[PDB]
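Undergrad: Following this: a sequence and the matching experimental structure.
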Amino acid sequence: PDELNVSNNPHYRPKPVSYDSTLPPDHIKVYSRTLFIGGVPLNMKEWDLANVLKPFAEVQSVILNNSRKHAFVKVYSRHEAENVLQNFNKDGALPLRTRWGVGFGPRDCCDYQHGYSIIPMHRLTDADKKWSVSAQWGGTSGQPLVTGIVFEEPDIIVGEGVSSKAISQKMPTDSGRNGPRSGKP
C-alpha cells in the first residue's frame, strides 16, 4: 500500500468586507488610531511631516485629508512613535499637535461603552465607501479597499447643522447730579 495524499485546497483569494484577518500594512485604519498630526503650519505637504519625523523616528507613511488640517502617519516601530511624542509633545514649543493610539481589535463589545460613545473606526466606513465607492460606481467592491475596511454597515454620511447659542444685548448707563440752588441779597 501507499500513503498517497488526497487533500484538496484552492488558492488564496480576496475576502468580503467582513474579514479582519487579511489587512495590509498600508492604507488601513481599522482598530488603529495611529499617530495623528494636527495643526500643521504647512500647506498640506506630506513630505515636510516626514522632514520632521526623519530624525530619531521611523515614519514610512503620511496622509493629509480634509480642509481642516487633519493628518495621520504610520510608523514601523512603537519606540520611534514615542520619540515623536517626546519632542513634539514635550519640547514646550510644539509645532505640531501630535497624539497617538492603538486598538487591540476589540471582541464581544456588546456593551453600552460601545453604544453611547463615538469612535473613528466607523467614519472609515461611511467616508471611504461614499467618497471613493459612491460617486460613479455602486457601493461595496467598487474599489480595492474591500481588503482593509472590513465594515459593511448601511450607514452613510447624513446629518443637519444644529445651533443652541444664546446672547443678550446690553448698553451703558447715564446719570447726572444737579445740586440745589439758592438766591442772595
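TA: Received it, and whenever you're ready, just let me know what you need. Residues are numbered from 1 along each chain as shown.
Undergrad: can you map out the strands along the chain?
TA: 34-38, 59-65, 70-75, 97-101 (DSSP state E).
Undergrad: Distance to residue 174 and mean neighbour count added to the ones you listed, as JSON lines?
TA: C-betas here are computed from N, CA, C, even on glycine. Converted to JSON lines, those look like this (distance: least, C-beta to C-beta, whole Å; neighbours: other C-beta atoms under 10 Å):
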{"stretch": "strand 34-38", "distance to residue 174": "49", "mean neighbour count": "20"}
{"stretch": "strand 59-65", "distance to residue 174": "55", "mean neighbour count": "16"}
{"stretch": "strand 70-75", "distance to residue 174": "51", "mean neighbour count": "20"}
{"stretch": "strand 97-101", "distance to residue 174": "48", "mean neighbour count": "15"}
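Undergrad: Compile those strands into TSV and extend it with columns for distance to residue 151.
TA: As requested, these are exported to TSV (distance: least, C-beta to C-beta, whole Å):
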stretch	distance to residue 151
strand 34-38	17
strand 59-65	18
strand 70-75	18
strand 97-101	18
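Undergrad: Nearest to residue 145, out of these?
TA: strand 59-65 (13.7 Å; C-beta to C-beta).
Undergrad: Show me which residues of stretch 76-85 are buried.
TA: Residues 80, 81, 83, 84 are the ones in stretch 76-85 that count as buried (16 or more other C-beta atoms under 10 Å).
Undergrad: got a list of what the last one touches?
TA: For residue 84, the set of contacting residues under the criterion of C-beta atoms under 8 Å, 6 or more residues apart in numbering consists of 35, 53, 57, 59, 75, 98, 100.
Undergrad: any chance of these in CSV, plus distance to residue 43?
TA: As requested, the contacts of residue 84 are arranged in CSV below (distance: C-beta to C-beta, whole Å):
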residue, distance to residue 43
35, 21
53, 18
57, 22
59, 19
75, 23
98, 19
100, 24
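Undergrad: Looking at these, which one is closest to residue 184?
TA: For those, the residue nearest residue 184 by C-beta to C-beta is residue 98; the value is 82.6 Å.
Undergrad: Can you give the distance from the helix of greatest length in the chain to the centre of its chain?
TA: The longest helix of the chain (DSSP state H) is helix 78-90. Centre-to-centre, helix 78-90 and its host chain are 19 Å apart (C-alpha atoms, centre = their mean, to the nearest Å).
Undergrad: now it and strand 70-75, what's the angle there?
TA: 140 degrees (axes from the mean of the first three to the mean of the last three C-alpha atoms, to 10 degrees).
Undergrad: where along this protein do the helices fall?
TA: 46-49, 78-90, 123-130.
Undergrad: The nearest residue to residue 145 once chain neighbours are set aside: neighbour count?
TA: Leaving aside its sequence neighbours, residue 145 sits nearest to residue 128 (C-beta to C-beta, 6 or more residues apart in numbering; 5.9 Å). Number of residues near residue 128 (other C-beta atoms under 10 Å) recorded here: 18.
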